[PDB]
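[1] sequence first, structure after; it's an experimental one.
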Amino acid sequence: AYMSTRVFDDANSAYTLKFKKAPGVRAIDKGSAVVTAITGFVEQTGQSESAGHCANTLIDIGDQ
Amino acid sequence: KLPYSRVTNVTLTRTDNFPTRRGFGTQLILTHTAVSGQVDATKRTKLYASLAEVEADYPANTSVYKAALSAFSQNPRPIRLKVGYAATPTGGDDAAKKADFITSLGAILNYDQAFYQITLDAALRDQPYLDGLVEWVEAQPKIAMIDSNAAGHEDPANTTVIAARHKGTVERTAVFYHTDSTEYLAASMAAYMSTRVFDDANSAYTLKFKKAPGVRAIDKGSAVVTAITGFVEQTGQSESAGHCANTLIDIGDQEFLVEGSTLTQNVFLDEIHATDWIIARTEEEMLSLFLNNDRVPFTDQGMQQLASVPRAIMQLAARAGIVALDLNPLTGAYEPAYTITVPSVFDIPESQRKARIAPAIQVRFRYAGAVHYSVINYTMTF
Amino acid sequence: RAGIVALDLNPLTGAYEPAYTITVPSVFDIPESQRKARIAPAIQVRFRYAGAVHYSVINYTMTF
Amino acid sequence: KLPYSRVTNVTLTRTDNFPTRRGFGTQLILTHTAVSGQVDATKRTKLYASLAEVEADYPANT
Amino acid sequence: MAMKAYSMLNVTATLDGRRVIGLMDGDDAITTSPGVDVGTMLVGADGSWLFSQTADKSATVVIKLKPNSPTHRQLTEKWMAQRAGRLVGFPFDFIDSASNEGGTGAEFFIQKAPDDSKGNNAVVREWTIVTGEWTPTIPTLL
Amino acid sequence: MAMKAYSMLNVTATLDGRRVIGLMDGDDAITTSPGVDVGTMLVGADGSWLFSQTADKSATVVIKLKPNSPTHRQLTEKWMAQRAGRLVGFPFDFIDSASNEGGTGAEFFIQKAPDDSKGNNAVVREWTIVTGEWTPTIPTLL
Amino acid sequence: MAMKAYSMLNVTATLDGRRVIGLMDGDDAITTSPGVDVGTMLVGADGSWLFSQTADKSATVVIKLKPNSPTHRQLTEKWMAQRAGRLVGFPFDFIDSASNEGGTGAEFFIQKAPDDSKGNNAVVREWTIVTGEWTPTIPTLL
Amino acid sequence: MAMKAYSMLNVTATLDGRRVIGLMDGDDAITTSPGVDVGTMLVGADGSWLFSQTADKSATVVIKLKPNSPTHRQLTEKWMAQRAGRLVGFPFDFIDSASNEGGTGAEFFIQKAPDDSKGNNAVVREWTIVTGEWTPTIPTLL
Amino acid sequence: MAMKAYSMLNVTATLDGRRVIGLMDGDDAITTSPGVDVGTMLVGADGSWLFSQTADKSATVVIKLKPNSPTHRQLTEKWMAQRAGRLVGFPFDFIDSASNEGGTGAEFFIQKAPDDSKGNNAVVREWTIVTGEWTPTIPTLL
């Protein structure tokens, strides 16, 4: 729905992240130290395999 | 016929309403009381909208209602206090042990991160286990404030009180020393501190040093107001000759806060508040940059795009009056107020490039203070 | 052009390095025993990926 | 909710920082003191990066 | 840290967070000019003099674009937002990495809109933006 | 949906329902310009500033034609209708299919009439029309 | 609550319940002025002084309109109602949403009527109204 | 019933039954102004107020003509009739068909006579007429 | 102690304890003028003369502000306090640090209030204040 309508035939059309993207309408999950067991993401080091399990959860930080 | 309430709705109540005047922050009220309908293990914290709509916490309980009473009682008002469930167990199963209190503190972040100023009120006062809060808010982007109802800070010699056993070593905590039965942290913080908008010109309240709360009472004395607040007349503030706190003295017919909420010997509350506004604003602008662009590439062009954010924030901050005016304070010669240096990804190896963690950008400061004390000489010649 | 392939510079040192190469094989020494297959020999191509940024750091020293 | 430290990292220290401005050379500081963790017969000389990161030599030794 | 020769490959301009991309040809594609003179000398009938310095630190920048550039679309959306009645800042910033020369402004506004000419060959689209506060950055690499 | 390069074969202009056909040579055959500046910056004696935005959304367009074109006949009939005392709108619209850039205006009026020069070679006939409301279209194909 | 720059798109004026719409061009389209000076200083032959403050809080407002505006029709009907002998209040009110500056008056009256000039181009129609009580509103957004 | 833009081709003025034809150049060729102010506000020493409305509904109109116009001949005959001692009304009326704005007066009189200047180029001839009763017409087309 | 050239960055004005901030553009943003002439020469029919000096030391100051300035809000609150009936002094003071030229007055009063004009661009707001005693300061730096 967002991945599909990506046209790489234009200049500078590399959405290399897919990392901060808003869907049409949906709801968030909850937590702060539970969002690192899922997605296995440590703060500044990167992403560690032993310290979590990779997935995607649609967090909210500000009002976004 | 028909009433006019068919097409309009005009009412009338007997209450006091002040304008809203949104501002910066929110405070936290942690106690052991639970209301069972809104914090009962489902909400380690709970938000609100206004005081009047409070029903879950009894309008007579000393902890929440009597503290939100002075939290919401400034002439412009803050909104959405962050109500409590945090350390519902009494300090610790072994009371003297602070480990349970530290773990309780470490398990209340995991629900909510929207509070900036931490206040305990009407209970937990003068507990030895409170040392965990002082040790813990260090290296934690918050502000810890403890208002005693009574202690022995009036002896410029004793070392057992809160402000003595931690004096000159902590730079993010302060004490609101007073007499019995008044909630004080809520009186000024998060009620005057909250409605401070740094997005306007000349909005630097650098002091917080002569400010009137809504309604309250003064303490008493003259040589007891220097054991507390550790303030000597013209020298400044000395660590050995007193203990820093805030007492709301009255001099003329006016009553106002005094010492400007110090934390250690010469560290004031507005410095922390303003720099934390700077940090929280750079965070918001960085996030707003990641949501507009398709991507931010891992090149030098991307580094400059990222560094464009602190450049705007520093110009915003120098306008409010937080950053200094481009002149050497020693000699008055020209000196840059702030600099921003952007690193190179070029010689950072591809071994580290695959991290998707950008290198660090470094920024430079200079603070612009304000005046607490004045001198006039008045020679007479006849 | 889209931004998927890198910009012709060594990511370690910033020195010049080709982003991609294409090497074409010879049918010449591939035997006629295999030529009658109507299956062409393999062409080999070389890459370099251009990533993007997920996390930022700012230091903010203060001097008063 | 979640902190902003989930996607960025903004800090603040109270120190003095000047630009780097690389140049030509290096100097040598020879004495008789040994630190036993970084020169102990394994390094007749030892390099560094910055002063603040000094721990091996005591911040009070002359 | 060798002094890089000039190149438009090493100049970066950021408008409301996004890059500026499709620029016209010429030596003047982004130009910033101060609003007024820095000062004024006043000489009297006797030969004495007095200098006066202004407190106005404002500037305009002119951006010349091609008819096919995403920045043209971004600026034409900003123009319609202003025409609707929504009036906010939108920072602009640009710098040169070879010398650290440039400047920033935290609140800009659209001042002039381009002319849509069709004709036989494609032609320029010139936008103008204005700020009340522009601070140049010091070129520390000379 | 490949981005087509520019071409006058893919630009269409509609005046009162009919197409615009015989255009002169040059890079400026139909040009639209806004009536005024979008805004104004006001800087005081102390360094503070204030921006002000206008509510005027009007434009003119200039059309350059050959002496042998049906659009010249259409415009000279519209001019005589206005001179008689009949004053109505007559929409004008033009767009580019390659980028969706253009604009529309539902009520135009003749503002300037051309000069009839005979001479040795044939020359331009320039018309000018004005509207009180011009809304640009957003180029959604960049 | 960002301080909006000035714009006539965000000023609203209400005359007898209806909006004021077709205004002339210029920086002075609705102007209100107090009736008298606020006070007077009286200095005697010896150097002593005395200030005196007035109790008169009245004002006039001048509205400049185009010859084609519904407010001109509304005001010319109010003028004829007054000429017939019917004398009532008709409130007037206007404010700026960017700063909350303005004022209100619950009872106004027509004081001057415009001149009907035809000529070659269209020209202003200026009305004047007067009240005995005008209370300015406090700009709480500065 | 489209709102016609302004044009002097659609304004008609009738003086004593005949049309007004040769008018001078400018934006003020026929202008009517009311005789007095509509009312007066009276504020007392205590802050109370009182409005008073007049019963005088009179106006003058000024007509600017060229030295070669039949209306100049008509007005100079009316002037001589008045100088002889014959004093009658002679209605004047003018209106705009685009908006129905104008007014009528059933009895006018000559008040000022023009100056006969010869010089090198031709110049204006300005007449003034006065009535005791002028009723504006309501612009029903806005 | 070098004589600084003139600059509005080094002039400070204090009204009731607070600074004056948003000033209009021009060479006359704060101007103070004495109330009367210093003296009068009286020459008789014979050629003898007599000078007379006044004891009146009073002045007014005029402050020109933008429509978006906190000093406008402060002055409009002071105006309403005076209209309520509360009459006190409110000192005003301003000086130039380059030459030590200026003056002070311990008790001022509002004398004139500005006009609220909306229009198309933003315009001045002029306040006037008056004192019964104004003492200039001596410029000791020439």
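    Good, I have the coordinates. Numbers count the residues shown, from 1 in each chain, chains lettered A, B, ... in the order given.

[2] near chain C, which residues of chain A?
    A:8, A:9, A:10, A:11, A:12, A:13, A:14, A:16, A:17, A:19, A:44 (Cβ under 8 Å from any Cβ of the partner chain). Every residue, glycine included, has its C-beta placed from N, CA and C.

[3] isn't there a helix covering residue E:77?
    Yes: looking at residue E:77 with DSSP: H, G, I helix; E, B strand; the rest coil, it is inside a helix.

[4] and for the nearest residue to it once chain neighbours are set aside, the neighbour number?
    Take residue E:77 and drop its neighbours on the chain: the residue closest to it by Cβ to Cβ, 6 or more residues apart in numbering or on different chains is residue F:138, 6.6 Å away. When counting by other Cβ atoms under 10 Å in any protein chain shown, one arrives at 13 neighbours for residue F:138.

[5] which of the residues of chain A next to chain C sits closest to chain H?
    Nearest to chain H among the residues of chain A next to chain C, counting by Cβ to the nearest Cβ, is residue A:10 at 46.2 Å.

[6] ok, that closest one - how many residues close by?
    Residue A:10: 15 neighbours (other Cβ under 10 Å).

[7] center of chain E - which residue?
    Residue closest to the mean C-alpha point of chain E, counted by Cα atoms, centre = their mean, is residue E:61 at 2.3 Å.

[8] part of a strand, is that residue?
    Yes: counting by three-state DSSP, residue E:61 is part of a strand.

[9] how about the closest residue to it other than its chain neighbours, secondary structure?
    Spatial nearest neighbour of residue E:61, chain neighbours left out: residue E:32 (4.5 Å); criterion: Cβ to Cβ, 6+ apart. With three-state DSSP as the basis, residue E:32 sits in strand.

[10] burial measure for residue E:32, as a count.
    For residue E:32, the count of nearby residues is 17 (other Cβ under 10 Å).

[11] need the max-distance pair from the residues of chain A next to chain C.
    Using Cβ to Cβ, the residues of chain A next to chain C span at most 36.3 Å, a distance reached by A:9 and A:44.

[12] so how far is chain D from the residue nearest to residue E:77?
    Residue F:138 sits at a distance of 31 Å from chain D (criterion: Cβ to the nearest Cβ, to the nearest Å).

[13] quick one: that residue and residue F:100 touch, right?
    Yes: with contacts counted by Cβ atoms under 8 Å, residue F:138 reaches residue F:100, the gap being 7.2 Å.

[14] tell me the phi and psi of residue 36?
    In the absence of a named chain, chain A is used. phi -110, psi -20 (degrees, to the nearest 10).

[15] just checking, it touches residue A:42?
    Yes: if you go by Cβ under 8 Å, residue A:36 and residue A:42 touch, sitting 6.8 Å apart.

[16] contacting residues for the residue of chain E found nearest chain G?
    Per Cβ to the nearest Cβ, residue E:85 is where chain E lies closest to chain G, at 4.3 Å. Residue E:85 sits next to G:7, G:9, G:10 when contact means Cβ atoms under 8 Å, 6 or more residues apart in numbering or on different chains.

[17] what do you get for residue E:58?
    Residues near residue E:58 by Cβ under 8 Å, 6+ apart: E:34, E:35, E:36, E:130, E:131, E:132, E:133, E:134, F:41, F:43, F:49.

[18] top of the residues you listed by number of neighbours, please.
    residue E:131 (28 neighbours).

[19] check the gap between residue A:28 and chain I for me.
    Taking Cβ to the nearest Cβ, one finds residue A:28 at 39 Å from chain I.

[20] ugh, typo on my part, it should be residue E:18
    From residue E:18 across to chain I, the span is 30 Å (Cβ to the nearest Cβ).

[21] that residue reaches residue B:294, doesn't it?
    No: when contacts are counted by Cβ under 8 Å, residue E:18 is not listed as touching residue B:294 (9.1 Å).
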